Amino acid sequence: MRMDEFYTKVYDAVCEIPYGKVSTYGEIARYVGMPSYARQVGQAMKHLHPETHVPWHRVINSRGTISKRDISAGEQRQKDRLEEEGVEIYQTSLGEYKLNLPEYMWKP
């Protein structure tokens, strides 16, 4: 399965997720049948054009945190796009962001 294919398959999927609900890199990685590949899922979400009509924000790590991203300081962007979804978000004095996973976790 050549890249671009995979790239599509993933996208088709993140359009599948419902408002408010969410998934992780781990999970989409296996959903499309390519489990060893979340790494390449962050990868796919990075490759997105910002004014995309895709729930790029509804995908976090398995720890149920927001990931770093660096070259988009406004990784923060991902948060508020989600409070615009009814999801309560906090942190630690580690000052990350976290959430009640098995609640909002997208169970298909």
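One-based numbering along the sequence shown. We call the rigid core the largest set of C-alpha positions that still match within 1.5 Å between the two forms.
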Quick note, superposing on core in 8 other deposited structures of this protein and taking C-alpha RMS, the more shifted stretch of 73-81 and 47-55 is 73-81
Using RMS Cα distance over all structures and residues, flag whichever of 63-71 and 37-45 lies farther from this form in 8 other deposited structures of this protein after a core fit.
63-71
Averaging CA B factors per stretch from the PDB record, which one is higher: 41-49 or 79-87?
79-87
Among the chain's modelled residues, which third holds the C-alpha B-factor of residue 4?
lowest
Sorting the chain's modelled residues by C-alpha B-factor and splitting them into thirds places residue 68 in the highest
Per the entry's values, where does residue 99 land by CA temperature factor relative to the rest of its chain, in the lowest, middle or highest third?
middle
Among the chain's modelled residues, which third holds the C-alpha B-factor of residue 17?
highest
